[PDB]
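One file, target_37.cif, is given below (mmCIF, C-alpha atoms and all ligand atoms).
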```cif
data_final
#
loop_
_atom_site.label_atom_id
_atom_site.label_comp_id
_atom_site.auth_asym_id
_atom_site.auth_seq_id
_atom_site.Cartn_x
_atom_site.Cartn_y
_atom_site.Cartn_z
CA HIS A 1 -27.75 -2.60 -12.22
CA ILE A 2 -26.22 -4.88 -9.55
CA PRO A 3 -23.98 -3.10 -6.98
CA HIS A 4 -20.50 -4.66 -7.08
CA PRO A 5 -17.02 -3.89 -5.68
CA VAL A 6 -14.11 -2.18 -7.43
CA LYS A 7 -12.11 -4.96 -9.11
CA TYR A 8 -8.79 -3.07 -9.26
CA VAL A 9 -6.27 -5.01 -7.17
CA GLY A 10 -3.10 -3.24 -8.32
CA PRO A 11 -1.08 -0.50 -6.62
CA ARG A 12 -3.17 2.53 -5.72
CA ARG A 13 -0.20 4.94 -5.65
CA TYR A 14 3.37 4.89 -6.97
CA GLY A 15 4.45 7.87 -4.87
CA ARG A 16 5.56 11.32 -5.93
CA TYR A 17 7.33 11.47 -9.28
CA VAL A 18 11.03 12.06 -8.58
CA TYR A 19 12.76 12.02 -11.98
CA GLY A 20 11.19 8.64 -12.69
CA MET A 21 12.84 6.81 -9.81
CA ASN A 22 11.39 3.88 -7.87
CA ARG A 23 8.67 3.21 -10.44
CA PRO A 24 7.41 -0.07 -11.92
CA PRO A 25 8.52 -1.41 -15.30
CA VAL A 26 6.83 0.19 -18.29
CA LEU A 27 4.77 -2.88 -19.16
CA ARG A 28 3.67 -3.23 -15.55
CA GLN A 29 2.55 0.40 -15.67
CA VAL A 30 0.58 -0.17 -18.87
CA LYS A 31 -1.14 -3.17 -17.30
CA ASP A 32 -1.94 -1.21 -14.14
CA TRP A 33 -3.40 1.61 -16.23
CA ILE A 34 -5.81 -0.65 -18.09
CA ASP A 35 -6.71 -2.34 -14.81
CA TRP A 36 -7.44 1.09 -13.35
CA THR A 37 -9.52 2.30 -16.32
CA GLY A 38 -11.24 -1.00 -17.11
CA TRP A 39 -10.56 -3.80 -19.57
CA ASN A 40 -14.19 -3.78 -20.74
CA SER A 41 -13.53 -0.72 -22.90
CA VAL A 42 -10.40 -2.33 -24.35
CA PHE A 43 -12.21 -5.55 -25.25
CA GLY A 44 -15.26 -3.69 -26.51
CA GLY A 45 -13.30 -1.20 -28.58
CA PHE A 46 -10.93 -3.69 -30.20
CA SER A 47 -13.55 -6.42 -30.70
CA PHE A 48 -15.01 -5.00 -33.91
CA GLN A 49 -11.67 -4.59 -35.67
CA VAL A 50 -10.33 -7.93 -34.43
CA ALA A 51 -13.39 -9.70 -35.83
CA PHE A 52 -13.23 -7.96 -39.21
CA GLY A 53 -9.47 -8.41 -39.52
CA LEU A 54 -9.53 -12.06 -38.52
CA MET A 55 -12.21 -12.83 -41.10
CA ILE A 56 -10.57 -10.97 -43.97
CA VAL A 57 -7.05 -12.24 -43.29
CA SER A 58 -8.32 -15.78 -42.67
CA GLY A 59 -9.11 -15.84 -46.39
CA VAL A 60 -5.37 -15.95 -47.03
CA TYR A 61 -5.50 -19.63 -46.07
CA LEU A 62 -9.21 -20.49 -46.28
CA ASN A 63 -9.96 -18.71 -49.55
CA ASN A 64 -6.59 -18.58 -51.33
CA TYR A 65 -4.16 -21.32 -50.23
CA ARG A 66 -6.71 -24.06 -49.53
CA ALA A 67 -8.58 -23.18 -52.74
CA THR A 68 -5.42 -23.73 -54.79
CA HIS A 69 -5.66 -27.38 -53.66
CA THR A 70 -9.48 -27.50 -53.33
CA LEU A 71 -10.65 -27.79 -56.94
CA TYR A 72 -10.76 -31.55 -57.45
CA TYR A 73 -10.84 -31.07 -61.24
CA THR A 74 -7.61 -29.02 -61.36
CA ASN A 75 -4.92 -31.44 -60.15
CA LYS A 76 -5.57 -33.51 -63.32
CA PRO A 77 -3.26 -32.24 -66.14
CA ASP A 78 -4.34 -32.60 -69.81
CA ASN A 79 -2.35 -34.94 -72.14
CA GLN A 80 -0.96 -36.92 -69.16
CA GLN B 1 -39.26 25.08 27.56
CA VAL B 2 -38.20 25.41 23.92
CA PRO B 3 -40.74 26.85 21.45
CA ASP B 4 -41.05 25.56 17.91
CA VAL B 5 -40.26 27.93 15.05
CA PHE B 6 -40.85 28.18 11.32
CA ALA B 7 -37.69 27.83 9.23
CA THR B 8 -37.94 28.87 5.58
CA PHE B 9 -35.49 28.25 2.76
CA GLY B 10 -35.21 29.68 -0.73
CA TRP B 11 -35.58 33.20 -2.07
CA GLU B 12 -38.29 33.18 -4.76
CA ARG B 13 -39.50 29.60 -4.21
CA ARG B 14 -39.77 29.30 -0.43
CA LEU B 15 -40.20 26.03 1.49
CA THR B 16 -41.33 26.26 5.11
CA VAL B 17 -40.86 23.59 7.79
CA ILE B 18 -40.91 23.50 11.59
CA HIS B 19 -37.57 23.37 13.38
CA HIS B 20 -35.74 23.84 16.69
CA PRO B 21 -34.80 27.43 17.62
CA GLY B 22 -31.43 26.32 18.97
CA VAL B 23 -30.67 24.17 15.94
CA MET B 24 -31.45 27.11 13.66
CA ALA B 25 -29.20 29.40 15.71
CA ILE B 26 -26.34 26.91 15.36
CA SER B 27 -27.02 26.63 11.63
CA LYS B 28 -26.74 30.38 11.10
CA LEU B 29 -23.69 30.54 13.36
CA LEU B 30 -21.88 27.95 11.23
CA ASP B 31 -22.73 30.08 8.19
CA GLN B 32 -20.45 32.81 9.61
CA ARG B 33 -17.50 31.40 7.69
CA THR B 34 -15.21 34.17 8.94
CA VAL B 35 -15.95 33.44 12.61
CA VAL B 36 -16.55 29.69 12.86
CA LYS B 37 -13.75 27.92 11.00
CA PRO B 38 -13.31 24.32 9.85
CA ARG B 39 -10.05 22.78 11.03
CA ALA B 40 -8.20 19.71 9.79
CA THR B 41 -6.85 16.83 11.85
CA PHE B 42 -4.32 14.52 10.20
CA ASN B 43 -3.07 10.97 10.60
CA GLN B 44 0.27 9.55 9.54
CA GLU B 45 -1.30 7.64 6.64
CA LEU B 46 -2.84 10.75 5.08
CA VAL B 47 0.19 12.96 5.74
CA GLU B 48 2.33 10.60 3.66
CA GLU B 49 -0.18 10.72 0.80
CA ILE B 50 -0.06 14.53 0.79
CA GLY B 51 3.58 14.41 -0.27
CA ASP B 52 2.49 12.88 -3.57
CA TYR B 53 0.93 16.25 -4.46
CA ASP B 54 2.70 18.93 -2.37
CA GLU B 55 6.03 18.17 -0.71
CA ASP B 56 6.04 21.38 1.33
CA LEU B 57 2.58 20.71 2.74
CA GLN B 58 3.71 17.23 3.76
CA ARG B 59 6.48 18.65 5.94
CA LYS B 60 4.17 21.24 7.49
CA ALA B 61 1.38 18.69 7.93
CA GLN B 62 3.84 16.38 9.69
CA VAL B 63 4.57 19.11 12.23
CA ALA B 64 0.85 19.53 12.89
CA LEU B 65 0.40 15.78 13.28
CA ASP B 66 3.36 15.46 15.64
CA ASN B 67 1.80 18.06 17.94
CA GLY B 68 -1.76 16.77 17.54
CA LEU B 69 -3.05 20.10 16.24
CA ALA B 70 -6.42 20.75 14.65
CA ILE B 71 -5.26 23.45 12.25
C1 LIG C 1 -3.67 -23.32 -32.73
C2 LIG C 1 -4.77 -22.42 -33.20
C3 LIG C 1 -5.21 -22.71 -34.63
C4 LIG C 1 -6.23 -21.73 -35.19
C5 LIG C 1 -7.57 -21.76 -34.47
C6 LIG C 1 -8.53 -20.68 -34.93
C7 LIG C 1 -9.82 -20.63 -34.12
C8 LIG C 1 -10.69 -19.43 -34.40
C9 LIG C 1 -10.03 -18.10 -34.07
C10 LIG C 1 -10.96 -16.90 -34.10
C11 LIG C 1 -11.63 -16.58 -32.78
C12 LIG C 1 -12.85 -17.41 -32.48
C13 LIG C 1 -13.51 -17.01 -31.18
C14 LIG C 1 -14.81 -17.72 -30.86
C15 LIG C 1 -15.34 -17.38 -29.49
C16 LIG C 1 -15.32 -15.89 -29.19
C17 LIG C 1 -15.92 -15.53 -27.85
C18 LIG C 1 -15.68 -14.09 -27.52
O1 LIG C 1 -14.96 -13.68 -26.65
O2 LIG C 1 -16.42 -13.30 -28.31
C19 LIG C 1 -16.81 -12.03 -27.76
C20 LIG C 1 -15.98 -10.91 -28.32
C21 LIG C 1 -16.26 -9.64 -27.56
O3 LIG C 1 -17.64 -9.67 -27.12
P1 LIG C 1 -18.06 -9.23 -25.65
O4 LIG C 1 -17.50 -10.23 -24.72
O5 LIG C 1 -19.52 -8.99 -25.65
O6 LIG C 1 -17.32 -7.85 -25.31
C22 LIG C 1 -16.93 -7.61 -23.94
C23 LIG C 1 -17.01 -6.14 -23.63
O7 LIG C 1 -15.79 -5.75 -22.99
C24 LIG C 1 -18.16 -5.75 -22.74
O8 LIG C 1 -18.03 -4.35 -22.43
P2 LIG C 1 -18.94 -3.19 -23.06
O9 LIG C 1 -20.10 -3.79 -23.76
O10 LIG C 1 -19.18 -2.20 -21.99
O11 LIG C 1 -17.90 -2.68 -24.17
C25 LIG C 1 -17.59 -1.31 -24.48
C26 LIG C 1 -18.73 -0.70 -25.25
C27 LIG C 1 -19.39 0.36 -24.41
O12 LIG C 1 -20.39 0.98 -25.25
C28 LIG C 1 -21.47 1.42 -24.63
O13 LIG C 1 -21.48 1.86 -23.52
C29 LIG C 1 -22.67 1.22 -25.50
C30 LIG C 1 -22.70 2.20 -26.66
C31 LIG C 1 -23.69 1.79 -27.71
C32 LIG C 1 -24.10 2.92 -28.61
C33 LIG C 1 -22.97 3.50 -29.43
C34 LIG C 1 -23.33 4.83 -30.04
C35 LIG C 1 -22.81 5.01 -31.44
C36 LIG C 1 -21.31 5.02 -31.56
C37 LIG C 1 -20.67 6.35 -31.20
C38 LIG C 1 -19.16 6.36 -31.35
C39 LIG C 1 -18.68 6.15 -32.77
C40 LIG C 1 -17.17 6.05 -32.89
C41 LIG C 1 -16.69 5.55 -34.23
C42 LIG C 1 -17.08 6.42 -35.40
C43 LIG C 1 -16.66 5.87 -36.74
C44 LIG C 1 -16.86 6.85 -37.87
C45 LIG C 1 -16.47 6.29 -39.19
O14 LIG C 1 -18.31 0.00 -26.47
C46 LIG C 1 -18.48 -0.64 -27.64
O15 LIG C 1 -18.31 -1.82 -27.79
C47 LIG C 1 -19.00 0.29 -28.70
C48 LIG C 1 -18.42 1.70 -28.71
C49 LIG C 1 -16.99 1.76 -29.20
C50 LIG C 1 -16.83 2.24 -30.64
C51 LIG C 1 -17.70 1.53 -31.67
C52 LIG C 1 -17.17 1.66 -33.08
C53 LIG C 1 -18.14 1.23 -34.16
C54 LIG C 1 -18.66 -0.18 -34.01
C55 LIG C 1 -19.63 -0.61 -35.10
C56 LIG C 1 -18.96 -0.99 -36.41
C57 LIG C 1 -18.19 -2.29 -36.34
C58 LIG C 1 -17.66 -2.79 -37.67
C59 LIG C 1 -16.51 -1.96 -38.22
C60 LIG C 1 -15.97 -2.45 -39.55
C61 LIG C 1 -14.82 -1.62 -40.09
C62 LIG C 1 -15.13 -0.16 -40.35
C63 LIG C 1 -16.23 0.05 -41.36
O16 LIG C 1 -16.39 -10.73 -29.71
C64 LIG C 1 -15.61 -11.28 -30.66
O17 LIG C 1 -14.54 -11.78 -30.45
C65 LIG C 1 -16.26 -11.18 -32.01
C66 LIG C 1 -16.83 -12.49 -32.54
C67 LIG C 1 -15.82 -13.63 -32.61
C68 LIG C 1 -16.39 -14.92 -33.19
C69 LIG C 1 -16.59 -14.91 -34.70
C70 LIG C 1 -15.31 -14.95 -35.50
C71 LIG C 1 -15.51 -15.31 -36.96
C72 LIG C 1 -14.24 -15.37 -37.78
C73 LIG C 1 -13.17 -16.27 -37.20
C74 LIG C 1 -11.99 -16.50 -38.12
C75 LIG C 1 -10.74 -16.91 -37.37
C76 LIG C 1 -9.61 -17.42 -38.24
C77 LIG C 1 -9.85 -18.83 -38.73
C78 LIG C 1 -8.71 -19.44 -39.50
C79 LIG C 1 -8.94 -20.90 -39.80
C80 LIG C 1 -7.76 -21.61 -40.43
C81 LIG C 1 -8.01 -23.08 -40.58
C1 LIG C 2 1.53 4.49 -36.18
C2 LIG C 2 0.50 5.49 -36.52
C3 LIG C 2 -0.20 6.06 -35.31
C4 LIG C 2 0.63 7.00 -34.46
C5 LIG C 2 -0.21 7.78 -33.46
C6 LIG C 2 -0.80 6.94 -32.35
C7 LIG C 2 -1.74 7.72 -31.46
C8 LIG C 2 -2.10 7.02 -30.17
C9 LIG C 2 -1.07 7.18 -29.07
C10 LIG C 2 -1.67 7.07 -27.68
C11 LIG C 2 -0.71 7.43 -26.57
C12 LIG C 2 -1.40 7.76 -25.26
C13 LIG C 2 -0.48 8.31 -24.19
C14 LIG C 2 -1.20 8.57 -22.88
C15 LIG C 2 -0.42 9.40 -21.89
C16 LIG C 2 0.58 8.61 -21.06
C17 LIG C 2 1.25 9.47 -20.01
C18 LIG C 2 2.21 8.74 -19.12
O1 LIG C 2 3.41 8.85 -19.17
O2 LIG C 2 1.58 7.98 -18.23
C19 LIG C 2 2.39 7.38 -17.19
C20 LIG C 2 1.49 6.61 -16.28
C21 LIG C 2 2.00 6.52 -14.87
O3 LIG C 2 1.05 5.79 -14.08
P1 LIG C 2 0.06 6.62 -13.14
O4 LIG C 2 0.91 7.35 -12.18
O5 LIG C 2 -0.88 7.37 -14.00
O6 LIG C 2 -0.78 5.55 -12.32
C22 LIG C 2 -2.18 5.81 -12.07
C23 LIG C 2 -2.45 5.25 -10.70
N1 LIG C 2 -2.50 3.75 -10.59
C24 LIG C 2 -1.15 3.23 -10.23
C25 LIG C 2 -3.45 3.42 -9.49
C26 LIG C 2 -2.95 3.08 -11.84
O7 LIG C 2 1.28 5.25 -16.76
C27 LIG C 2 0.91 5.11 -18.04
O8 LIG C 2 1.67 5.15 -18.97
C28 LIG C 2 -0.57 5.00 -18.11
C29 LIG C 2 -1.15 5.08 -19.50
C30 LIG C 2 -0.98 3.81 -20.30
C31 LIG C 2 -1.80 3.87 -21.57
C32 LIG C 2 -1.45 2.87 -22.63
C33 LIG C 2 -2.24 3.14 -23.89
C34 LIG C 2 -1.78 2.40 -25.12
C35 LIG C 2 -2.28 3.05 -26.39
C36 LIG C 2 -1.85 2.34 -27.65
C37 LIG C 2 -2.69 1.13 -27.98
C38 LIG C 2 -2.01 0.17 -28.93
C39 LIG C 2 -2.91 -0.97 -29.36
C40 LIG C 2 -2.20 -1.99 -30.22
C41 LIG C 2 -3.07 -3.17 -30.60
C42 LIG C 2 -3.60 -3.94 -29.41
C43 LIG C 2 -4.40 -5.16 -29.79
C44 LIG C 2 -5.18 -5.70 -28.64
#
```
Show me this structure written as structure tokens.
Ligand SMILES: CCCCCCCCCCCCCCCCCC(=O)OC[C@H](COP(=O)([O-])OCC(O)COP(=O)([O-])OC[C@@H](COC(=O)CCCCCCCCCCCCCCCCC)OC(=O)CCCCCCCCCCCCCCCCC)OC(=O)CCCCCCCCCCCCCCCCC
Ligand SMILES: CCCCCCCCCCCCCCCCCC(=O)OC[C@H](COP(=O)([O-])OCC[N+](C)(C)C)OC(=O)CCCCCCCCCCCCCCCCC
Amino acid sequence: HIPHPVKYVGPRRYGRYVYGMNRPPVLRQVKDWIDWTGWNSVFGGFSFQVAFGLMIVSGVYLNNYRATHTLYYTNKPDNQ
Amino acid sequence: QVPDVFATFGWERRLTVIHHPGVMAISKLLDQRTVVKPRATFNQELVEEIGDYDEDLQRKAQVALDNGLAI
């Protein structure tokens, strides 16, 4: 490996929990958590499903909608 | 004049080296955990962090820090 520094630049401590006072917004806390535990796991874990989902759902336009207007021999109506 | 001594470690598998008689005496003395005691010295930065885990210890640690006590 290559020795590198800890990349976490967020707040190292929020202070003692006192009935949830003087704490960051929820979304800020979620972001700090993922920063603290690493985004590499998030990207790695979600990558497989994102890829599969994007490909399957992309067929809604690439395979279904487009195709409806793809066949060049379909727009022509008979007896017209 | 300080003579050299053999210092051995391990019970069944024993490793022998040469060592200083005074350094070995200190080593065994520090093994007397009931006699020789580790003591903590605080600073204001670390005392504040203690409160995040034990509020009572923070107050007591602050007293020790204010008096410069190794406790
Ligand atoms: C205005 C806009 C208009 C529209 C424009 C549209 C443009 C296109 C949009 C689409 C996007 C294009 C993007 C192109 C560039 C992408 C560049 C990029 O970022 O890619 C990299 C990105 C991530 O790669 P990376 O950067 O290497 O990852 C970084 C990591 O963080 C690095 O960290 P790491 O490696 O340390 O990561 C963590 C790692 C750490 O791991 C390790 O430490 C290694 C461990 C290895 C051994 C593992 C042991 C075995 C596993 C044990 C655990 C098992 C648990 C699960 C058990 C399951 C039991 C059933 O852990 C893992 O990854 C593996 C373990 C986690 C669990 C694994 C679960 C199983 C996986 C295998 C199966 C996957 C398939 C599942 C299918 C479903 C289920 C059957 O990959 C992708 O995004 C995928 C490819 C994307 C390009 C192709 C897309 C094609 C389709 C596009 C269609 C789009 C729509 C088009 C519409 C058109 C209309 C006109
Ligand atoms: C709908 C069907 C499914 C239903 C079931 C779903 C099961 C999964 C639920 C997971 C919940 C995990 C809870 C963890 C415990 C949190 C405890 C707590 O209060 O923590 C406070 C703590 C307080 O912070 P702290 O005090 O720990 O701070 C640590 C110290 N510093 C500041 C240095 C970082 O903060 C958090 O909440 C941290 C945890 C955040 C975790 C967020 C995980 C999200 C999981 C859902 C993923 C959704 C993905 C959607 C698609 C995304 C696409 C890219």
- Find, counting only C-alpha atoms and all ligand atoms, the residue in A:59, A:3, A:45, A:11 that gets nearest to ligand LIG 2 (chain C). A:11
- Item | Residues of chain B within 10 Å of chain A, counting only C-alpha atoms, as a PyMOL selection string | chain B and resi 48-55
- Message: Let me see if you get this right: every residue at most 7 Å from ligand LIG 2 (chain C), counting all atoms listed in the file, written as a PyMOL selection string.
- Response: chain A and resi 10-14+29-30+32-34+36+46
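Residues in contact range of residue B:20, defined as at most 8 Å between all atoms listed in the file, with sequence neighbours fewer than 6 positions away removed, read residues 2, 3, 4 and 5 of chain B.
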- Selection within 12 Å of ligand LIG 1 (chain C) by all atoms listed in the file, output as an MDAnalysis selection string: chainID A and resid 38:66
- Query: What gap, in Å, lies between atom CA of residue A:35 and atom CA of residue A:4?
  - Reply: 16.0 Å
